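1. Return a 3D structure for these sequence lines:
(one chain, ligands or ions: 2)
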Amino acid sequence: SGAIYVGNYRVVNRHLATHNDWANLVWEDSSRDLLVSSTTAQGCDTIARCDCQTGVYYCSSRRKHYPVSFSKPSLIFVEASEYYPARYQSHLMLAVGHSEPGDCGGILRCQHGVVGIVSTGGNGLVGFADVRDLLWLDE
Ligand SMILES: CSc1ccccc1CC(=O)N1CC[C@@H]2[C@H](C1)[C@H]2C(N)=O
Ligand SMILES: [Zn+2]
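-> Numbers count the residues shown, from 1 in each chain. Ligands and ions are numbered 1, 2, ... in the order given. Shown next is the structure:
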């Protein structure tokens, strides 16, 4: 679990979105595993606007942060899941690193701010859904 709080928006994994997230829906993209809902309180997270390929992510299954190198956002095999079936996540970045399913929602950050959230992985990989292209989150 986990979310990004920026302005009057809450960014979560679409597969973990709650009833309240869907009742206050702003945008969702099944192909990206993202959902953005509106909030009453103002969030103070900063979204990164960059092309960094290195950062640090939080891994709840180890209670640890790990530094990683990750690929640029691209279309990639997501193993047909319970929430979804086979298809290629768009805007997904991969790194070598530990992850388990509840790891989804952990934040990946670079020196510029939030880059994305854990969204795929397995067999020694970890996938992050990029949010740097969502320029509207800042307004
Ligand atoms: C960190 S995910 C993971 C980690 C180790 C082992 C297995 C997984 C896979 C997993 O259970 N997933 C959650 C639901 C859907 C795909 C990934 C998500 C998507 N974005 O399509
Ligand atoms: Zn950066």
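
2. so who does residue 21 touch?
-> Residue 21 makes contact with 10, 12, 35, 37, according to Cβ atoms under 8 Å, 6 or more residues apart in numbering. For every residue, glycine as well, the C-beta is placed using N, CA and C.

3. Make sure it is indeed in a helix.
-> Yes: Residue 21: assigned to a helix according to DSSP: H, G, I helix; E, B strand; the rest coil.

4. how much space is there between it and residue 65?
-> 26 Å (Cβ to Cβ, to the nearest Å).

5. got the residue ranges for the strands in this protein?
-> Secondary structure of the chain (DSSP state E): strands at 4-13, 25-29, 34-44, 54-59, 64-69, 74-78, 87-96, 107-110, 113-122, 125-130.

6. For the residue lying farthest from the centre of the chain, which non-adjacent residue is spatially closest?
-> For the chain, the residue at maximal distance from the C-alpha centroid (Cα atoms, centre = their mean) is residue 40, at 21.7 Å. Sequence neighbours aside, residue 8 is the residue nearest to residue 40 in space, at 7.6 Å (criterion: Cβ to Cβ, 6 or more residues apart in numbering).
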